[PDB]
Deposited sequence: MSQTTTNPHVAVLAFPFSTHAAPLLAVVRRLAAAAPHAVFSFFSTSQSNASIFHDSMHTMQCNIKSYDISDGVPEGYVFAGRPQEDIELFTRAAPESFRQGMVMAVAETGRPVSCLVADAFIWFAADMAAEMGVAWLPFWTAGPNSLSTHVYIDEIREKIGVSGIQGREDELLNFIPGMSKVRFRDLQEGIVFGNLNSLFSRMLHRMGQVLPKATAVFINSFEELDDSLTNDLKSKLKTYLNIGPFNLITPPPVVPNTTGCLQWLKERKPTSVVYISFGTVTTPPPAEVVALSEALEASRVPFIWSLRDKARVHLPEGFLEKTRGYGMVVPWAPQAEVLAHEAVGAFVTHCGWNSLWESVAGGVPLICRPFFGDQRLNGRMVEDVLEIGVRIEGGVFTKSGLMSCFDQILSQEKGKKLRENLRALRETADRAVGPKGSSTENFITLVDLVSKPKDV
């Protein structure tokens, strides 16, 4: 039969949306192929809220048993989803095959679904994992065993600012920048082991693809092409594809936008510190903050800032960052947020917490020079007031904006006609268009 592409999303943080974004592009480019998109019901309802006729979503189990009482651990939801997922995805695919009358001919999946490799082997189909983050984090996972050998697994105390310069393209990353589960944090957690296994199996993939462009870092691109069978940069996606009315009335490059993505919130003390910096400078602002976290705001803050700032549970982030009024972005250093700031030409103020956030912060500050660090890695009133001054009012911000304009032009060319990402996407279309082997 003609192709039937199974797509397995990771239904946490901002993983499922960019995967749907590529599927949309793939479905338009391969109109004879049908696509079956698998995530949790919560995840699907959110991301599917104009859809190519050849895509249908399917709700699979979140892995939570009927009468389950949460222990309240971190990564509990992820753990439950992950343990059930081999079976959940299988049953979802059974259903899609029965509905379409087409066997699965290709398996596209978030790289986090590492057992997809085994599912693809058992099915007799190609495995096409999507790395949802940066090539920097892709590279440390692929090098997991080598990194653990060089550094050791008994701690990095006294070595935090040592350099990972034994890895190509990674000369500027310090030991401390590494994600939990490489050399520190709980190396025995399900999540650490999932990532360890992923790292070992990615070199076996038919192709690994990523929301980035080759020319971001030539050496890193070349190194990864040598560690993986096929490595395909096909982004940045966002260059390919009452907040605004409020912004309309503000001066150019004057507004600070604050957000920590979908799964991060600063501790209450840093919430206080940021509110004090905003208030003391009287800088115009839009702060995307969880409604539940509003309880941590100092008494009086909302009332004192009412004339010049908004605190909202959700903003139209991409469009805010593309508005001429915005002059700085206080961020957790998530990958999707980063590229949205680049599209808008807005300099970053980085406060990384976990995962790949420290790697992205290092890239922003030391590699691309498109943003700054807060002194000491935590929010303080004075530290943030200084960053705002640097970016909005001083020569530093002029330079950062220049750097951003230059970076975005390179990125635009990667996704233009004859761009490296445009060419890589043709390659991926050809891979997903292949019918199943006989």
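Residues of the deposited sequence lacking C-alpha coordinates, numbered from 1, fall in the stretches 1-5, 55-58, 251-259.
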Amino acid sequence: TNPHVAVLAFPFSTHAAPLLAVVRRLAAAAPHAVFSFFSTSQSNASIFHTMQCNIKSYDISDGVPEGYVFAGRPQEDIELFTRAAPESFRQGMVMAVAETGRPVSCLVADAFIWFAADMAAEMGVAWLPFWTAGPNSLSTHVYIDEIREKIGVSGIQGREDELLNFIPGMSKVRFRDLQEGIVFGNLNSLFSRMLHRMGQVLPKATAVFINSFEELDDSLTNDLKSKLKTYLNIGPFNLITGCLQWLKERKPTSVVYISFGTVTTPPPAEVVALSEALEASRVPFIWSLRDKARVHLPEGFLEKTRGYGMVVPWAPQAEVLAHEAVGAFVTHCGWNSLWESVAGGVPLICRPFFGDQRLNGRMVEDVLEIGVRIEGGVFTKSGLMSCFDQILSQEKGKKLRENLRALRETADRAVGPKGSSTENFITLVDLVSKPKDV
From here on, numbers count along this sequence of modelled residues.
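In this entry, 190-198 shows the higher mean Cα temperature factor of the pair 209-217 and 190-198.
Just going by the entry, 265-273 versus 319-327 on mean CA temperature factor gives the higher value to 265-273. Per the deposited coordinates, the residue with the largest Cα temperature factor out of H296, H141, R282, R358 is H296.
The PDB entry assigns the greatest CA B-factor among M170, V255, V104, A133 to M170. Among all modelled residues in this chain, the alpha-carbon of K56 has a temperature factor (C-alpha) in the lowest third.
Among the modelled residues of the chain, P347 sits in the lowest third by CA temperature factor in this PDB entry. Annotation for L232: C-alpha temperature factor in the lowest third relative to the rest of the modelled chain, per the entry. Compared with the other modelled residues of the chain, the Cα B-factor recorded for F38 ranks in the lowest third. Among all modelled residues in this chain, the alpha-carbon of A411 has a temperature factor (C-alpha) in the middle third.
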